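>>> Sequence first, structure after; it's an experimental one.
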Amino acid sequence: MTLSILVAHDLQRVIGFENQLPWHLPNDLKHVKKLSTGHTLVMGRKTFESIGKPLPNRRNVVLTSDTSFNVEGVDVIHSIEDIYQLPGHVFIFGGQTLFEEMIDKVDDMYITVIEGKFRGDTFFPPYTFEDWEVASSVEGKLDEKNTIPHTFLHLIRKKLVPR
Ligand SMILES: NC(=O)c1ccc[n+]([C@@H]2O[C@H](COP(=O)([O-])OP(=O)(O)OC[C@H]3O[C@@H](n4cnc5c(N)ncnc54)[C@H](OP(=O)(O)O)[C@@H]3O)[C@@H](O)[C@H]2O)c1
Ligand SMILES: CCc1nc(N)nc(N)c1Cc1cc(/C=C/C(=O)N2N=Cc3ccccc3[C@@H]2C=C(C)C)c(OC)c(OC)c1
């Protein structure tokens, strides 16, 4: 009933490499935990295999065509259309295929911009700020543990109006 994208992508829109995050960034995991806590994560089968187990304290939903898929702690779905039946705040969690499928459908997007260029093999779909309003933009703090500049965006889809 309220559907969002949750993603971290670098300056070229890279989001993954060899089924892993290209970068080590603890604050963004804290970001993800705070945002989706008590809510619903919807993700594809490869993304789930990457994480390797349900995230606690929230509903984990996996989309796959495998009818044998039945993990403990994970609710499974078999079509995009199934996502609209999930109640509450749903976060499209990844990966590339689900982002491509969902980017025109979601209300808003919570994007962590990783301010670097990483080698990648999976990408977030292109988008333009002409379409998306910057609800907030906040620089992450850097320290010994979080050494890559990053920016937390909250983007809301702009309404189409006659001008
Ligand atoms: N930086 C970030 O914020 C971010 C977010 C999450 C993931 N990642 C990353 O994204 C990468 C992988 O992305 P990916 O696109 O290759 O895989 P993926 O999107 O995570 O999911 C792959 C799978 O989901 C399925 N699926 C997708 N649409 C479906 C539909 N309409 N009906 C039924 N099943 C459907 C299939 O499962 P089956 O083949 O089992 O049928 C499919 O092959 C990783 O390398 C990873 O680290 C990073
Ligand atoms: C972080 C990757 C990513 N980033 C963004 N912005 N959007 C996103 N949609 C994601 C998606 C994402 C995620 C993760 C990691 C999730 C995770 O490990 N947590 N998040 C929820 C959670 C809930 C309860 C307890 C612990 C956690 C834990 C956070 C810690 C404090 C350790 C991940 O594995 C490393 C991954 O690999 C492909 C992808």
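Thanks, I have the structure now. Residues are numbered from 1 along each chain as shown. Ligands and ions are numbered 1, 2, ... in the order given.
>>> What residues does this protein have near ligand 1?
Counting by CB under 6 Å from any ligand atom, the residues of the chain close to ligand 1 are 7-9, 15-16, 19-21, 44-47, 50, 63-66, 78-80, 93-98, 101, 122. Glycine gets a C-beta too; all of them are placed from N, C-alpha and C.
>>> Surely residue 83 is within a strand?
No. Read with DSSP: H, G, I helix; E, B strand; the rest coil, residue 83 is helix and lies in no strand.
>>> pretty sure it is touching residue 4, no?
No. At 11.6 Å, residue 83 does not count as touching residue 4 under the criterion of CB atoms under 8 Å.
>>> joint contacts of these two?
90, 92 (CB atoms under 8 Å, 6 or more residues apart in numbering).
>>> all helices for this protein, in order.
All helices of the chain, identified by DSSP state H, fall at 26-36, 45-51, 96-102.
>>> Adding mean neighbour count, write these out as CSV.
As requested, the helices of the chain are exported to CSV (neighbours: other CB atoms under 10 Å):
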stretch, mean neighbour count
helix 26-36, 15
helix 45-51, 18
helix 96-102, 18
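>>> Between these, which one is closest to residue 138.
helix 26-36 (9.9 Å; CB to CB).
>>> could you dump the closest one to CSV, C-alpha only?
Output in CSV follows, covering the C-alpha atoms of helix 26-36 (Å, rounded to 0.1, in the frame of the first residue of the first chain):
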residue,chain,number,x,y,z
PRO,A,26,28.9,-0.5,8.0
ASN,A,27,26.8,2.8,8.3
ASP,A,28,24.7,1.8,5.3
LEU,A,29,23.8,-1.5,7.0
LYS,A,30,22.8,0.6,10.0
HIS,A,31,20.8,2.7,7.5
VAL,A,32,19.1,-0.3,6.1
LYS,A,33,18.3,-1.8,9.5
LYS,A,34,16.8,1.5,10.8
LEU,A,35,14.7,2.1,7.7
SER,A,36,13.2,-1.4,7.2
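>>> Lovely, talk soon.
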